[PDB]
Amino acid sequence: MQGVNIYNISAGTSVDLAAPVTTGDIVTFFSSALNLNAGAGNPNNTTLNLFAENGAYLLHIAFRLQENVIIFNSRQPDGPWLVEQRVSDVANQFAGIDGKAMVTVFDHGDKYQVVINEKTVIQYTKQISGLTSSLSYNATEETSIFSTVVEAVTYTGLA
């Protein structure tokens, strides 16, 4: 059965999905703000994460203004960060829409397709496989590029 689930994620918190995200599923994060003037992160300004049930970072999306890049990586719950994939020119990815943004992740089985607004920024070859059972939005109340609360909407049971 296809379903839609909605979550309010406050900066620095995580949520367990009522409906896990697997191959064929979609998750979109909505921000009611776009603060490209957030300044230096620590080192990240904002991160959006998809976690496996074992706590592994299946997909880690990090916006780092001080380096003008968007980083994509994975990490076992007990291992070190793996190989980073980077997309340069942050402002460029959000161009066209001001004061807000949306980041969509399509779980394609072997890859995660990440779209910022209407622009696909990367076809991320997975470094770790599995279903996503938790999501998180991490940032400080001072240096995040997104609103204090980010809304996550999942479309599951699609396949």
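Don't overthink the numbering: it's just position in the shown sequence, from 1.
Stretches 121 to 129 and 24 to 32 differ in mean CA B factor, with 121 to 129 having the higher one. 36 to 44 and 58 to 66 differ in mean CA B-factor, and the higher of the two is recorded for 36 to 44.
When all modelled residues of the chain are sorted by CA temperature factor, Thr154 is found within the lowest third.
Sorting the modelled residues of the chain by their CA temperature factor places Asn8 in the middle third.
When all modelled residues of the chain are sorted by CA temperature factor, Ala19 is found within the middle third. When the modelled residues of the chain are ordered by C-alpha B-factor, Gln76 sits in the highest third.
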